[PDB]
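Asks: Please read through the structure below; I'll follow up with questions.
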Amino acid sequence: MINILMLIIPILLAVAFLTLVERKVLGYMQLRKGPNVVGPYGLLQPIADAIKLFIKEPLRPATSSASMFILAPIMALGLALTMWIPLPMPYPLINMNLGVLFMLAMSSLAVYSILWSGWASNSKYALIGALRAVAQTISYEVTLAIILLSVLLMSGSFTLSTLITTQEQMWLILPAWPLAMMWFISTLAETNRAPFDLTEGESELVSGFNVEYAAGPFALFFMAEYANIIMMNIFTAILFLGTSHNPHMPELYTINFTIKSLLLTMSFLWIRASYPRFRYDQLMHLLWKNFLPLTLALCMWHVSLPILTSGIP
Amino acid sequence: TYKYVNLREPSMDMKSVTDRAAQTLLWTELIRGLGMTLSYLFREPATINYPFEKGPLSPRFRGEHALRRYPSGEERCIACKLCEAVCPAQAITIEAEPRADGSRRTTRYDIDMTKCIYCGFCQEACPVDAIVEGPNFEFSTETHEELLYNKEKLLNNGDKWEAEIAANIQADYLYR
Amino acid sequence: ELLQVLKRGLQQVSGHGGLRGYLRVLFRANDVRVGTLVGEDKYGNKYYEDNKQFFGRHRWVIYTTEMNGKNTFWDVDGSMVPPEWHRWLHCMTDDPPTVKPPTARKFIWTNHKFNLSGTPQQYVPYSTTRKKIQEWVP
Amino acid sequence: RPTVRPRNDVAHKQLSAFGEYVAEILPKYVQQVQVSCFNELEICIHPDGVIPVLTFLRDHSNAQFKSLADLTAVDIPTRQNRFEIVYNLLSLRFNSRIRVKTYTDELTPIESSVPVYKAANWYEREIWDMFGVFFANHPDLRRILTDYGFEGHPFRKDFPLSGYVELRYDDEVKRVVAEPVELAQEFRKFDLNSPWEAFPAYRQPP
Amino acid sequence: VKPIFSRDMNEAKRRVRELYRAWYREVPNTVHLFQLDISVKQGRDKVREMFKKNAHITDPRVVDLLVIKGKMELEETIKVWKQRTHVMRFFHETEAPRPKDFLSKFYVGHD
Amino acid sequence: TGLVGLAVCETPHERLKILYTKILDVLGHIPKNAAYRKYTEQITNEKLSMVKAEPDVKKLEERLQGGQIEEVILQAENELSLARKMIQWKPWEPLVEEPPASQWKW
Amino acid sequence: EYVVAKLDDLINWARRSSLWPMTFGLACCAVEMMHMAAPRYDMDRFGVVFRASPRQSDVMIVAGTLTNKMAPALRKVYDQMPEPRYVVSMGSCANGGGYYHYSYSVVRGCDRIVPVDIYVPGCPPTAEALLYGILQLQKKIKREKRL
Amino acid sequence: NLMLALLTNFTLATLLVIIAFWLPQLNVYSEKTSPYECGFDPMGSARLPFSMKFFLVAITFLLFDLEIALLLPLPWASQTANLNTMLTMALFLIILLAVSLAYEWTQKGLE
Amino acid sequence: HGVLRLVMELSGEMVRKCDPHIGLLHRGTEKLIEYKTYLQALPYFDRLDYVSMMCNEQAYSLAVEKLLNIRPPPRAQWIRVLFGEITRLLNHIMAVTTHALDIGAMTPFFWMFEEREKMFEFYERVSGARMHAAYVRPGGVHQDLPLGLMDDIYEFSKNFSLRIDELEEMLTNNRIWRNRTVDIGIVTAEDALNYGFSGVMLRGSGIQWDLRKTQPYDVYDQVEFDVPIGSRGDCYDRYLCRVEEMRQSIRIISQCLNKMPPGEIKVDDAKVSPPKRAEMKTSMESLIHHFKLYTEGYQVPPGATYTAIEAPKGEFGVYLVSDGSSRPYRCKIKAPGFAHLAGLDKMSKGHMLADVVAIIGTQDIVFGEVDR
Ligand SMILES: NC(=O)c1ccc[n+]([C@@H]2O[C@H](COP(=O)([O-])OP(=O)(O)OC[C@H]3O[C@@H](n4cnc5c(N)ncnc54)[C@H](OP(=O)(O)O)[C@@H]3O)[C@@H](O)[C@H]2O)c1
Ligand code: SF4
Ligand code: SF4
Ligand code: SF4
């Protein structure tokens with residue numbers, strides 16, 4: 001097998017080259033110059049951080065825990081980078097018997113990275129950032145499965161290969177008009193660089209899964225946390241975008257698929273700079289109280305539609 | 001005068017209620033807020049990179065201390081203990097002895113950078129205009145000993161900044 | 001509108017240097033810009049000016065390679081440029097070698113020195129007074 | 001006068017009526033000395049009852065001050081009685097400023113202003129820290145502007161400006177930061193005092 | 001009867017005793033909860049020498065003022081506040097000079 | 001209608017008249033020769049006559065308050081508490097306490 | 001011989017490339033420390049990225065006055081830093097009290113608590129002068145590990 | 001192979017930890033602290049319950065997650081079975097979930 | 001915002017009792033000024049606060065002006081308001097930018113700091129220092145306005161009107177702020193008056209009171225002032241009033257630009273204010289008074305005085321006690337920092353950890369205030 005090794009090393013570079021965009025686009029959004037000194041346009045700085053944070057930075061926590069803690073950055077990468085495997089792409093690595101089920105299960109398993117980092121420090125200061133990270137993720141897992149079901153019943157089955165073929169004339173944004181707007185919010189269930197987000201950034205509280213971790217484990221967390229942002233951006237570009245298929249020419253698909261994802265890649269960092277944090281209590285009131293009755297009403301609506309007019313795979 | 005922050009409900013009936021409900025149901029005004037930083041991305045940044053470009057300043061500016069001298073040699077400082085008394089940090093120290101024969105100008109002259117809040121007080125209090133503040137920025141040391149100025153000497157080595165000082169003081173006499 | 005924007009970038013690279021000159025203003029220099037130059041400076045500073053761009057900006061200026069004895073082209077600091085900081089770059093409008101005359105004193109240092117910081121021949125503290133004298137005779 | 005005088009006195013006659021109004025009540029328990037100069041009023045109060053004076057000026061119909069915003073204390077060793085707690089008061093409906101003072105040595109406990117004013121307790125903590133004046137029936141007397149293991153009171157004129165314990169080295173001990181080292185850099189004691197009195201009328205007979 | 005302070009001359013003696021009991025129970029608690037530092041046995045002797053220096057008893061005003069001051073510096077661990085092993089350490093560790101000899105102090109040249 | 005403060009301006013007239021009539025009786029218990037009774041009464045009697053003359057107009061609120069009736073009611077609500085405290089602690093009637101040491105000049 | 005000597009400079013190039021500061025909100029110096037993030041005089045991804053947390057950062061900037069109440073606090077933060085660490089004491093308060101110095105509470109010069117590598121003398125530390133505090137830092141990192 | 005695909009990603013991830021574990025080493029002093037992030041000594045030593053606040057909302061998720069799993073047949077089951085018989089039953093589970101959330105509106109909790 | 005210990009007592013996650021063990025930044029300005037002269041003690045007031053520069057010393061110099069009973073020159077009075085309103089452009093920006101940064105907003109901090117760095121150019125051109133300058137003195141104003149400022153202030157204010165309203169289209173109209181900051185720490189009763197916040201809070205919600213209209217300092221009531229007063233004591237209305245202060249601040253600056261009498265910068269008395277450089281070199285009396293305004297400087301008339309000028313955060317209650325000598329023995333700067341931190345016992349009752357952060361920003365407890 002060569003394909004897996006050709007989907008980790010160039011992918012870790014994409015999370016590395018993200019650091020440019022994380023302060024270049026975000027910089028111009030705030031009217032400030034980002035990467036400039038290090039490279040021609042600061043292009044040598046993202047690869048410099050790998051030399052900076054791993055080879056020279058040494059920390060291990062004080063009071064600590066036993067085997068757990070250092071188990072958590074292994075759980076961070078080894079569950080978020082595996083998410084690249086079930087992706088349909090032009091051609092998938094081992095096409096699943098049911099596609100999106102593996103995508104939804106491993107995403108919830110990726111939440112454990114911020115959960116086990118609560119017991120990284122035995123001291124109570126770190127676990128407050130963990131307990132906040134529970135509720136900021138636990139509620140949004142409800143709608144994430146429901147809004148999927150309304151799209152999946154509209155087009156094909158759980159298999160991700162069928163989701164490419166179903167969009168031949170028009171996108172799925174237009175039939176699922178309120179549901180597409182939900183997937184700019186529901187995608188930010190995992191601790192991502194955003195305005196909605198979770199307990200990961202500083203601002204008000206101490207940094208979750210970062211105050212306990214070093215540099216080396218803490219550096220490994222960013223290579224997983226920012227990796228999930230690309231993952232949700234690609235996953236939205238499958239469920240809601242498509243444009244064309246073309247099995248004969250893979251070259252025409254690969255260029256067209258990347259532009260659609262890159263426009264969404266900018267959009268989350270667009271969200272991050274623009275708006276403040278939603279608060280621990282009031283994020284639980286955005287969904288559950290307000291958005292859950294809306295999504296279920298649309299779920300009720302999407303059950304009737306294949307019966308009203310023929311729509312069965 | 002009263003400006004009033006309270007709007008007292010903008011919505012009333014039919015047309016005024018539905019548009020206020022439309023922005024809360026979906027987004028609209030958040031997309032309007034999204035477009036606010038869109039134009040901010042389009043306009044050029046007002047950024048200055050230091051190793052090549054330099055920032056704006058003023059003709060009268062205070063940095064690192066340097067004492068001046070007359071056009072035909074001689075120390076301009078007369079030794080008063082004046083600037084010592086004005087100094088709120090008491091960073092400047094002065095002790096004086098007669099210079100061989102005739103002239104009586106300084107022996108000990110230390111200005112500690114461990115203190116000094118940069119007032120321009122000693123620049124203003126000096127009757128002979130000895131300490132004239134130049135537009136200095138570059139000062140970085142390994143130890144405190146290297147940081148604090150010795151008996152004149154390094155302060156006398158302000159000759160490399162005295163060419164700018166002579167241009168700056170031309171804006172000082174008959175003030176601005 | 002679009003054709004003039006691409007032509008402006010190509011003319012900037014063609015004007016300043018060429019092929020090897022453009023790479024020196026990209027790898028070593030942070031921002032690349034071409035315009036008017038003052039020219040005359042001690043050691044070998046370029047000193048460029050007369051550019052619109054933005055408020056409180058007077059072109060690239062650029063630092064010289066090996067000013068006194070540092071022997072560095074990649075490393076540059078604010079130690080560069082002679083007694084001329086009060087004009088062109090900041091405060092004054094008149095150019096230091098073109099219009100504004102430097103005042104002669106025959107006491108000021110002829111050769112400009114860079115700050116050593118970590119390097120030998122740097123700043124030092126020294127005693128001043130001879131203090132109370134003590135004497136003992138056999 | 002064009003630049004000589006700051007402001008002409010016109011409201012001073014109306015402000016002098018306040019100095020008579022409180023004095024018309026005439027308590028030896030409260031009043032004592034009333035001083036009024038430069039558009040302001042100053043009253044000093046007998047130590048035995050301070051709380052009944054603080055309930056006055058607040059609520060009262062003729063003088064509705066209520067807000068007892070600023071709370072200072074004077075350090076002076078000239079008198080037989082040392083410290084002097086000074087209250088600064090402001091009215092929002094009436095628009096006037098009045099001053100309340102205490103005269104006692106106040107090394108012995110003094111009455112608290114916590115039942116009258118809600119923010120005064122934080123200012124009361126400042127006085128106990130800097131001077132050493134205890135307030136009777138005070139809820140939670142915590143240290144604010146002093147170190148956790150600080151001896152004495154850091155503001156008193158009786159002890160030096162540099163302090164007894166001030167210098168903190170890391171030295172040979174791995175984590176414990178030192179305290180007992182007492183030497184510091186020399187503060188130049190200016191012995192300057194100009195001959196001839198600058199002002200008339202301020203001179204007192206021996 | 002001015003000023004009250006807190007208690008009478010005889011009652012002030014038992015107010016210090018009440019303060020002593022609360023602080024005597026805290027020296028085993030300031031090792032396990034805080035830091036190892038020195039010792040439990042040596043810690044108790046450090047308490048006893050502090051009260052011996054303050055022992056005079058002549059006015060009720062002086063004694064009662066020491067109680068309120070004692071209900072802050074020794075209350076620093078009662079409700080559990082941060083000292084960071086730098087505070088609460090009363091005895092000097094890095095200070096080693098204890099010379100009381102006309103012969104000892106004069107050789108070092110002082111005063 | 002809404003008041004500026006947290007206390008809501010409730011539509012109640014003669015409510016202000018109750019509290020001012022209550023405090024007049026409290027003053028005539030212990031102090032009579034003292035000036036505290038004689039000086040507070042003339043302010044209250046002048047204020048009570050203004051309420052009787054004006055029929056629920058904003059001009060009645062503009063008479064020595066100018067922040068509606070709700071702000072004036074707060075001064076009357078705490079008036080009973082201060083009058084009872086003045087009667088409890090003897091200071092207005094009695095004057096016999098000691099004076100401080102002769103020193104004032106700085 | 002030559003590969004070994006250049007590899008040590010490659011590790012030192014990473015510290016020459018980027019260093020993350022600590023947001024010590026200690027005094028007025030911290031306001032000018034916020035001006036490093038301000039666009040006009042920027043080190044934002046020029047070599048400085050603000051993130052806080054003493055465990056992740058490489059450089060801590062002591063931005064103002066330190067007292068006896070703060071001496072135990074700052075000391076263990078420096079101990080919470082990874083072993084390749086640099087301290088930049090910026091301002092006259094950081095160098096030995098702006099005024100103060102002869103005061104009771106203020107600890108003199110930071111060096112009594114935590115050792116300093118680069119000194120910035122400026123009270124209102126002008127952002128122009130502040131830029132040396134990071135540029136000279138990168139220049140001071142020359143050689144590490146010979147054997 | 002699914003097993004060979006998952007293990008190769010997992011083994012490469014744990015190997016990167018070892019690189020950051022063994023290379024940087026010089027000194028390990030008694031310098032690392034329990035709380036970090038803000039500084040000072042930890043007032044809350046070890047572990048203490050805290051709890052509450054979100055106790056009702058968290059419990060309801062465990063109850064709701066089972067129903068969404070029972071909603072997963074919808075796109076995959078409706079292929080062979082009769083639609084008219086399913087329509088009454090498929091909506092039935094979604095209707096009752098809105099009824100349970102309607103009972104959640106009458107006092108939601110402390111959250 | 002650093003140096004605010006805030007030891008929390010939580011029954012779960014919400015706050016029951018909040019006791020801030022503050023005063024960690026106690027630099028000890030009180031005892032330190034006692035050994036300094038009035039001219040020597042001047043720049044301490046600037047280095048008290050971190051945001052306000054010309055609003056500080058303003059309270060201090062006026063206290064010396066009330067002690068000596070000597071009026072500043074009419075030109076200097078108009079510069080003091082022009083720079084008194086220019087500090088409000090710095091303070092109320094930090095009351096928004098760092099406050100939004102405390103919540104989680106990244107944009108607005110860098111939206112206004114480019115403006116703020118342009119704002120310090122006005123400080124640099126008027127006095128040799130960047131931030132804190134001994135520009136405001138008991139002799140009115142130290143130095144004249146240069147010719148390259150009045151053209152710059154007018155050019156800056158003309159472009160500022162659109163720049164401030166860009167924050168409202170970004171922050172106020174959004175659902176996020178109207179969801180979060182609304183209904184946090186609603187204190188407007190007689191208890192709010194029993195804490196005494198002076199500037200904002202009471203001004204921000206409830207009582208229609210300000211010193212700007214009631215108690216004039218240096219040529220006031222002549223300049224048209226607009227005071228924003230809200231309805232509810234919540235964090236959102238306490239934020240809106242500060243933004244409405246910023247939109248109604250340019251009116252004061254524009255009126256200060258139009259109304260300028262050409263004349264004197266310092267007072268004619270050489271006993272209080274130092275003479276000109278050309279003046280001292282020729283005439284005798286000027287140089288001796290220049291010599292004597294240092295060492296033992298001003299010579300203050302004895303008597304206790306208390307002055308307060310409305311800060312953008314609250315009030316500077318400077319209380320100077322005077323002797324025969326030119327050393328002021330003890331003074332207390334009664335900044336609102338002590339008043340705002342005292343309110344946290346009531347503000348944090350029944351609130352989460354995340355919005356306690358928002359309380360600090362809306363109160364704007366810049367810890368430079370907390371010293372005396
Ligand atoms: N085991 C014990 O604790 C013990 C027991 C009994 C007696 N002692 C005595 O106490 C002393 C303890 O010292 P230590 O072992 O703690 O010192 P150390 O840790 O070995 O430190 C010595 C330092 O000197 C430098 N150095 C020494 N020799 C050098 C050379 N030939 N070339 C270049 N640099 C050199 C090293 O620098 P680089 O690292 O840069 O090379 C090193 O940092 C010993 O000398 C021993 O005689 C120790
Ligand atoms: S610097 Fe000026 S004031 Fe100071 S001693 Fe020298 S001549 Fe006198
Ligand atoms: S600028 Fe101020 S602190 Fe510095 S030496 Fe001069 S008088 Fe002293
Ligand atoms: S050095 Fe100056 S600017 Fe910096 S904290 Fe001290 S007083 Fe403030």
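A note on labels: chains of the structure tokens are A, B, ... as shown, every chain counts residues from 1, and ligands are counted from 1 in their shown order.
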Once you count only C-alpha atoms, what closest atom pair and distance in Å to one decimal does each residue of chain F within 7 Å of chain I have, with rows by chain and rising residue number, as JSON lines?

Replies:
{"residue": "F:4", "atom": "CA", "partner": "I:206", "partner_atom": "CA", "distance": 4.6}
{"residue": "F:5", "atom": "CA", "partner": "I:206", "partner_atom": "CA", "distance": 4.9}
{"residue": "F:6", "atom": "CA", "partner": "I:189", "partner_atom": "CA", "distance": 4.7}
{"residue": "F:7", "atom": "CA", "partner": "I:189", "partner_atom": "CA", "distance": 6.4}
{"residue": "F:106", "atom": "CA", "partner": "I:323", "partner_atom": "CA", "distance": 6.2}

Asks: Let me have all residues with an atom within 12 Å of ligand 1, counting only C-alpha atoms and all ligand atoms, laid out as an MDAnalysis selection string.

Replies: (chainID G and resid 144:147) or (chainID H and resid 26:27)

Asks: Would you save the residues of that selection, restricted to N, CA and C atoms, as a short mmCIF file (atom, residue, chain, number, x, y, z; two decimals), in the first residue's frame?

Replies:
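The result, written out as part28.cif:
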data_model
loop_
_atom_site.label_atom_id
_atom_site.label_comp_id
_atom_site.auth_asym_id
_atom_site.auth_seq_id
_atom_site.Cartn_x
_atom_site.Cartn_y
_atom_site.Cartn_z
N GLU G 144 24.91 27.09 19.11
CA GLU G 144 24.53 26.15 20.17
C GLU G 144 25.04 24.75 19.84
N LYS G 145 25.59 24.08 20.86
CA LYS G 145 26.19 22.73 20.77
C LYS G 145 27.39 22.63 19.83
N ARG G 146 28.58 22.50 20.43
CA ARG G 146 29.82 22.29 19.69
C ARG G 146 30.20 20.81 19.65
N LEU G 147 30.05 20.13 20.79
CA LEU G 147 30.38 18.71 20.92
C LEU G 147 29.13 17.85 21.09
N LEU H 26 18.15 18.15 28.26
CA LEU H 26 19.31 18.82 28.87
C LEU H 26 19.22 18.82 30.40
N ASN H 27 18.10 19.32 30.93
CA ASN H 27 17.86 19.41 32.38
C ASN H 27 16.37 19.38 32.72
#

Asks: Skip residue 10 of chain F itself and residues of its chain fewer than 2 positions away, then list as a PyMOL selection string all residues within 10 Å of it, counting only C-alpha atoms.

Replies: chain F and resi 1-3+7-8+12-13+69-70

Asks: Which residues come within 8 Å of residue 186 of chain D, counting only C-alpha atoms, excluding same-chain residues fewer than 2 positions away, as a PyMOL selection string?

Replies: (chain D and resi 184+188) or (chain G and resi 102)

Asks: Just C-alpha atoms for this one: save the residues we selected as a PDB file, in the first residue's frame.

Replies:
ATOM      1  CA  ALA D 184      19.128  48.881  48.510  1.00  0.00           C
ATOM      2  CA  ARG D 188      19.499  61.103  48.004  1.00  0.00           C
TER       3      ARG D 188
ATOM      4  CA  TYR G 102      13.905  53.300  46.350  1.00  0.00           C
TER       5      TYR G 102
END

Asks: If the limit is 8 Å from any atom of ligand 3, counting only C-alpha atoms and all ligand atoms, which residues qualify? Return them as a PDB file with N, CA and C atoms, in the first residue's frame.

Replies:
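result20.pdb, freshly written:
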ATOM      1  N   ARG B  62      12.364  62.361  22.390  1.00  0.00           N
ATOM      2  CA  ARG B  62      13.317  61.888  23.400  1.00  0.00           C
ATOM      3  C   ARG B  62      13.586  60.384  23.348  1.00  0.00           C
ATOM      4  N   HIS B  65      20.005  59.385  26.133  1.00  0.00           N
ATOM      5  CA  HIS B  65      20.645  60.646  26.514  1.00  0.00           C
ATOM      6  C   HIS B  65      22.031  60.825  25.899  1.00  0.00           C
ATOM      7  N   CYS B  83      19.837  69.589  36.967  1.00  0.00           N
ATOM      8  CA  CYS B  83      19.182  68.440  36.333  1.00  0.00           C
ATOM      9  C   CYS B  83      19.064  67.221  37.256  1.00  0.00           C
ATOM     10  N   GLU B  84      19.939  67.154  38.262  1.00  0.00           N
ATOM     11  CA  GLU B  84      19.886  66.147  39.324  1.00  0.00           C
ATOM     12  C   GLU B  84      18.635  66.309  40.196  1.00  0.00           C
ATOM     13  N   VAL B  86      15.754  68.005  39.357  1.00  0.00           N
ATOM     14  CA  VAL B  86      14.527  67.917  38.549  1.00  0.00           C
ATOM     15  C   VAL B  86      14.147  66.459  38.296  1.00  0.00           C
ATOM     16  N   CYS B  87      15.168  65.609  38.180  1.00  0.00           N
ATOM     17  CA  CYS B  87      15.032  64.190  37.853  1.00  0.00           C
ATOM     18  C   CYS B  87      14.162  63.423  38.860  1.00  0.00           C
ATOM     19  N   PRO B  88      12.958  62.979  38.426  1.00  0.00           N
ATOM     20  CA  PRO B  88      12.009  62.290  39.310  1.00  0.00           C
ATOM     21  C   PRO B  88      12.467  60.889  39.708  1.00  0.00           C
ATOM     22  N   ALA B  89      13.247  60.253  38.837  1.00  0.00           N
ATOM     23  CA  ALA B  89      13.823  58.940  39.096  1.00  0.00           C
ATOM     24  C   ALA B  89      15.143  59.035  39.861  1.00  0.00           C
ATOM     25  N   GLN B  90      15.770  60.216  39.809  1.00  0.00           N
ATOM     26  CA  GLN B  90      17.130  60.470  40.326  1.00  0.00           C
ATOM     27  C   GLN B  90      18.185  59.570  39.664  1.00  0.00           C
ATOM     28  N   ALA B  91      18.027  59.386  38.353  1.00  0.00           N
ATOM     29  CA  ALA B  91      18.906  58.546  37.542  1.00  0.00           C
ATOM     30  C   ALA B  91      20.238  59.226  37.231  1.00  0.00           C
ATOM     31  N   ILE B  92      20.212  60.555  37.145  1.00  0.00           N
ATOM     32  CA  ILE B  92      21.400  61.354  36.846  1.00  0.00           C
ATOM     33  C   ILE B  92      22.169  61.720  38.126  1.00  0.00           C
ATOM     34  N   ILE B 111      24.312  58.598  33.984  1.00  0.00           N
ATOM     35  CA  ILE B 111      22.862  58.550  33.774  1.00  0.00           C
ATOM     36  C   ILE B 111      22.444  57.084  33.657  1.00  0.00           C
ATOM     37  N   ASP B 112      21.779  56.595  34.701  1.00  0.00           N
ATOM     38  CA  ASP B 112      21.346  55.203  34.780  1.00  0.00           C
ATOM     39  C   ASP B 112      20.085  54.970  33.957  1.00  0.00           C
ATOM     40  N   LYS B 115      16.806  53.317  35.694  1.00  0.00           N
ATOM     41  CA  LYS B 115      15.720  54.235  36.016  1.00  0.00           C
ATOM     42  C   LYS B 115      15.385  55.064  34.763  1.00  0.00           C
ATOM     43  N   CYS B 116      15.114  56.361  34.944  1.00  0.00           N
ATOM     44  CA  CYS B 116      14.775  57.322  33.868  1.00  0.00           C
ATOM     45  C   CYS B 116      13.481  57.008  33.103  1.00  0.00           C
ATOM     46  N   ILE B 117      12.458  57.822  33.358  1.00  0.00           N
ATOM     47  CA  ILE B 117      11.139  57.678  32.720  1.00  0.00           C
ATOM     48  C   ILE B 117      11.006  58.441  31.395  1.00  0.00           C
ATOM     49  N   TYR B 118      12.062  59.176  31.032  1.00  0.00           N
ATOM     50  CA  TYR B 118      12.116  60.040  29.837  1.00  0.00           C
ATOM     51  C   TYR B 118      11.061  61.152  29.868  1.00  0.00           C
ATOM     52  N   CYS B 119      11.403  62.234  30.568  1.00  0.00           N
ATOM     53  CA  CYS B 119      10.523  63.391  30.746  1.00  0.00           C
ATOM     54  C   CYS B 119      10.795  64.476  29.722  1.00  0.00           C
ATOM     55  N   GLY B 120      12.075  64.654  29.400  1.00  0.00           N
ATOM     56  CA  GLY B 120      12.556  65.853  28.725  1.00  0.00           C
ATOM     57  C   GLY B 120      12.764  66.999  29.703  1.00  0.00           C
ATOM     58  N   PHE B 121      12.639  66.707  31.003  1.00  0.00           N
ATOM     59  CA  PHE B 121      12.821  67.690  32.074  1.00  0.00           C
ATOM     60  C   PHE B 121      14.247  68.222  32.120  1.00  0.00           C
ATOM     61  N   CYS B 122      15.217  67.306  32.113  1.00  0.00           N
ATOM     62  CA  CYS B 122      16.643  67.639  32.108  1.00  0.00           C
ATOM     63  C   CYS B 122      17.083  68.333  30.815  1.00  0.00           C
ATOM     64  N   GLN B 123      16.352  68.075  29.730  1.00  0.00           N
ATOM     65  CA  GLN B 123      16.529  68.770  28.454  1.00  0.00           C
ATOM     66  C   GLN B 123      16.021  70.216  28.529  1.00  0.00           C
TER      67      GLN B 123
ATOM     68  N   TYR G  99      10.296  55.159  38.185  1.00  0.00           N
ATOM     69  CA  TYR G  99      10.717  55.936  39.341  1.00  0.00           C
ATOM     70  C   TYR G  99      11.103  54.877  40.362  1.00  0.00           C
TER      71      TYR G  99
END

Asks: All residues within 6 Å of ligand 4 are required, counting only C-alpha atoms and all ligand atoms; please report them as a ChimeraX atom specification.

Replies: /B:117 /G:27-29,64-65,91-93,98,123-124 /I:47

Asks: Write out the residues from the selection above, keeping C-alpha atoms, as an mmCIF file, in the first residue's frame.

Replies:
data_model
loop_
_atom_site.group_PDB
_atom_site.id
_atom_site.type_symbol
_atom_site.label_atom_id
_atom_site.label_comp_id
_atom_site.auth_asym_id
_atom_site.auth_seq_id
_atom_site.Cartn_x
_atom_site.Cartn_y
_atom_site.Cartn_z
ATOM 1 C CA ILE B 117 11.139 57.678 32.720
ATOM 2 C CA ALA G 27 1.754 47.783 33.441
ATOM 3 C CA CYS G 28 1.735 50.576 30.775
ATOM 4 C CA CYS G 29 4.511 48.743 28.900
ATOM 5 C CA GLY G 64 6.356 46.591 33.398
ATOM 6 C CA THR G 65 6.536 46.898 37.174
ATOM 7 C CA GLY G 91 10.905 49.343 30.060
ATOM 8 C CA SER G 92 12.570 51.229 32.914
ATOM 9 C CA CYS G 93 10.356 49.362 35.422
ATOM 10 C CA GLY G 98 10.686 53.697 36.316
ATOM 11 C CA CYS G 123 9.606 54.156 29.118
ATOM 12 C CA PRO G 124 6.765 54.527 26.768
ATOM 13 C CA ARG I 47 2.076 56.879 34.550
#

Asks: What are the DSSP alpha helix (DSSP H) residues of segment 19-124 of chain C, as a list in words?

Replies: residues 20, 21, 22, 23, 24, 25, 26 and 27 of chain C

Asks: Next, dump the selected residues to file, keeping only N, CA and C atoms, as a compact mmCIF listing (two decimals), in the first residue's frame.

Replies:
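New file again-v1.txt:
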# COMPACT_ATOMS: atom_id res chain seq x y z
N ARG C 20 18.77 38.69 -11.47
CA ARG C 20 19.54 38.49 -10.24
C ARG C 20 19.28 39.59 -9.21
N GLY C 21 18.95 40.79 -9.70
CA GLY C 21 18.63 41.94 -8.85
C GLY C 21 17.27 41.86 -8.17
N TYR C 22 16.31 41.26 -8.87
CA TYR C 22 14.94 41.07 -8.35
C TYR C 22 14.87 40.04 -7.22
N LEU C 23 15.72 39.02 -7.31
CA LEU C 23 15.82 37.97 -6.29
C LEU C 23 16.47 38.47 -4.99
N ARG C 24 17.38 39.43 -5.13
CA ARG C 24 18.04 40.08 -3.99
C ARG C 24 17.10 41.02 -3.23
N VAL C 25 16.11 41.56 -3.94
CA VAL C 25 15.08 42.43 -3.37
C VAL C 25 13.83 41.65 -2.92
N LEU C 26 13.87 40.33 -3.06
CA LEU C 26 12.76 39.44 -2.67
C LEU C 26 13.13 38.54 -1.49
N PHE C 27 14.33 37.96 -1.53
CA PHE C 27 14.81 37.05 -0.49
C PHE C 27 15.35 37.80 0.73

Asks: Excluding segment 72-77 of chain F and residues on its chain fewer than 3 positions from it, collect all residues at most 8 Å away from it, counting only C-alpha atoms, and give them as a PyMOL selection string.

Replies: (chain D and resi 59-61) or (chain F and resi 16+19-20+61+65+67-69+80-81)
